Amino acid sequence: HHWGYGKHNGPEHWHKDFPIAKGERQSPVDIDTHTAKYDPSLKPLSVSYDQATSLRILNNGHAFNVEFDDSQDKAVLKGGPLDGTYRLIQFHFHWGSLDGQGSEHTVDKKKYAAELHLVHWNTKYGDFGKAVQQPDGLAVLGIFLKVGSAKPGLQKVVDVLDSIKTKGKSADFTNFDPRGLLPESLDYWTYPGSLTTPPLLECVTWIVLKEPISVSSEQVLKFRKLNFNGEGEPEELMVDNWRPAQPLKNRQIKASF
Ligand SMILES: NS(=O)(=O)c1ccc(N(CCC(=O)O)c2nc(-c3ccc(Cl)cc3)c(Cl)s2)cc1
Ligand SMILES: [Zn+2]
């Protein structure tokens, strides 16, 4: 009886196995755009993905992860609110069963169809597993998805999904350029938070871009064909794999703009 999204093991249950679910810096949160404070001391975000090495795509039973080579100073995030260098390890999404829901963060209570998380770890801590034990261990770049025109830089992901339908399936996934998932503007909100899945560790500097990307209905429909179950188990569509907004508590969300 492990955690999930389902009718009986979803977010409202996580606290029993992961008490930190009721912690002081949980994510996601609703971004109240009028209360976010512009911080002129915030720097432009530096996204350096030209040398990114994607390796594999994996259905982990909760989402799919596009994994990168993070054994060298390739694909890093710096600047913004960050001190030092964070290296890209993977990206994944959260999405809904319908277009009207799926994002984890919300903006003035608006839900987006989906949200992309580009996960990076602080090089000061030497790898990802040690980084998650630190308050400044990770930086996750969150990007909202809205349904409209297709995102041509997403299609290579969409088309491989049928090869990783079920939990535990993986596929080679080389030469994928995550720059094709970015919007034009890097304006952002930032705040200290957590992983949004178990173990829910309080180790993340969240950087949420204001400008959403567009994807087509066909692209998100293909996300919704994935399965949470393993092959040869009853089919459970991989939909609504998002944690709802958590209490902001004693936090300030800062805007770069
Ligand atoms: N949604 S989010 O907050 O960006 C987000 C970002 C990252 C994760 N992942 C990947 C989980 C997976 O693929 O199953 C974590 N893996 C670990 C982990 C650490 C140590 C070991 Cl030995 C094994 C796994 C975490 Cl701790 S967090 C989950 C949510
Ligand atoms: Zn995520």
Side-chain angles (χ1 to χ4, degrees), residues 1-6 8-15 17-18 21 26-31 57-66 90-119 140 142-151 153-155 157-171 181 183 194-198 200 206 208-209 212-246:
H1 195 263
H2 223 348
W3 74 265
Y5 294 97
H8 298 282
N9 63 354
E12 67 275 25
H13 295 275
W14 296 351
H15 76 93
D17 268 345
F18 302 96
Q26 288 292 291
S27 293
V29 297
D30 178 53
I31 301 167
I57 191 172
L58 170 67
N59 179 334
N60 70 356
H62 306 296
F64 64 86
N65 298 340
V66 176
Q90 57 108 313
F91 72 74
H92 58 275
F93 303 85
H94 304 257
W95 62 92
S97 51
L98 301 144
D99 291 355
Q101 68 198 48
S103 69
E104 296 208 303
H105 294 87
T106 53
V107 176
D108 296 333
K109 302 295 180 78
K110 178 183 178 66
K111 294 172 179 163
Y112 281 89
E115 183 171 332
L116 165 58
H117 290 165
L118 296 127
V119 180
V140 184
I143 304 180
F144 296 121
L145 282 60
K146 65 179 179 157
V147 172
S149 67
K151 192 71 168 181
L154 181 63
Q155 192 62 28
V157 173
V158 163
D159 277 335
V160 77
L161 299 176
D162 81 287
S163 76
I164 62 155
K165 184 183 180 182
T166 46
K167 178 173 48 146
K169 298 194 64 176
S170 65
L181 300 178
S194 73
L195 299 170
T196 68
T197 69
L200 300 169
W206 277 94
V208 177
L209 298 191
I213 60 168
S214 291
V215 303
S216 64
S217 55
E218 296 91 338
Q219 290 181 311
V220 66
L221 277 162
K222 288 176 183 192
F223 278 20
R224 295 182 189 126
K225 290 183 41 138
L226 290 165
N227 284 178
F228 284 129
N229 56 283
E231 186 184 4
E233 291 178 355
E235 189 186 39
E236 311 190 334
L237 291 177
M238 187 179 276
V239 293
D240 293 321
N241 57 355
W242 48 276
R243 190 190 193 192
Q246 304 299 304

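We're numbering straight along the sequence, starting at 1. Computed from heavy atoms alone, side chains included, the values below leave out hydrogens, waters and symmetry copies.
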Euclidean distance, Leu226 CG relative to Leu237 CG, rounded to 0.5 Å: 9.0 Å
Pairing of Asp99 and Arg224 as salt bridge, 4.0 angstrom limit: yes
Short question: side chain of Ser170, backbone of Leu58 - any donor-acceptor pair under 3.5 Å? no
Does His13 reach the main-chain N or O of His8 with its side chain, forming a donor-acceptor pair under 3.5 Å? yes
Which value, rounded to the nearest 0.5 Å, describes the distance between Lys146 atom NZ and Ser103 atom OG? 13.5 Å
Using 4.0 Å as the upper bound for N to carboxylate O, is an ion pair formed by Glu236 and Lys167? no
Kindly say whether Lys165 contributes a backbone atom to a donor-acceptor pair with the side chain of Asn59 at under 3.5 angstrom? yes
Answer yes or no: is there a donor N or O on one side and an acceptor on the other, between the side chain of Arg243 and the main chain of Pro28, under 3.5 Å? no
Are there more than 12 heavy atoms of other residues, nucleotides or ligands under 6.0 Å from atom CD of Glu231? no
Hey, what's the ring geometry for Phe228 with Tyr5, parallel, tilted or perpendicular (30° and 60° as the breaks)? parallel
What heavy-atom pair brings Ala171 and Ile164 nearest, and what distance separates the two atoms? N-CG2, 3.8 Å
Distance only, no hydrogens: is a donor on one side chain within 3.5 Å (strictly under) of an acceptor on the other, for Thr166 and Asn227? no
Spatial distance of atom NE2 (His105) from atom CD (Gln246) [nearest 0.5 Å]: 10.0 Å
Closest non-hydrogen atom pair between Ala21 and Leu200, with its separation: CB-CD1, 3.5 Å
Member of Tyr112, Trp242, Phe64 meeting the ring pair (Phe, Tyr, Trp, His ring centres under 6.0 Å) criterion with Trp95: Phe64
Of all heavy-atom pairs linking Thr196 and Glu104, the shortest is OG1-OE1, 2.6 Å
Determine the minimum heavy-atom distance between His92 and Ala63, stating which atoms define it. CB-CB, 4.4 Å
